[PDB]
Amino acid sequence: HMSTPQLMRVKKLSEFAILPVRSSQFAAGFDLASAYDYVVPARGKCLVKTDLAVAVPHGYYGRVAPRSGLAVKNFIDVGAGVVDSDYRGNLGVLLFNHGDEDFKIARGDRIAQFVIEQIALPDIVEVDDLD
């Protein structure tokens, strides 16, 4: 039983996790929410747990990506964010706060989105002449 492009398997690692949910039929990403309380310090960073484990389908990876509103209004950006299809740890959201005020996060706050990006997985061939 593996994840497919139509069906992605997810496990809650605690009672505090909130399942990913897509805000509309063609929204690029699932909403991700914080499982705990955090602060993203001004000019600083914070790794936020979702307490989810996800199985992104093979042929894809999961990109943790920014919510537009928090970026435009609160100077929040997403670092790291490449979730491999065999990654089975706690799905974390690395937030950068480029503003001059701390950004407060309570459990349940939506703080990123999660896009299932289609990729190739080529092998490498070293050549002496590219073209």
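For every residue, the number given is its place in the sequence shown, counted from 1.
Relative to one another, 15-23 and 107-115 have unequal mean CA B-factors, and 15-23 is the one with the higher figure.
Between 69-77 and 98-106, it is 98-106 that carries the larger average Cα temperature factor according to the deposited entry.
The PDB entry assigns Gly62 a C-alpha temperature factor belonging to the lowest third of its chain's modelled residues. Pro41 sits in the middle third of its chain by CA B factor, as recorded in the PDB entry. Ranked by C-alpha B-factor against the other modelled residues of its chain, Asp84 falls in the middle third.
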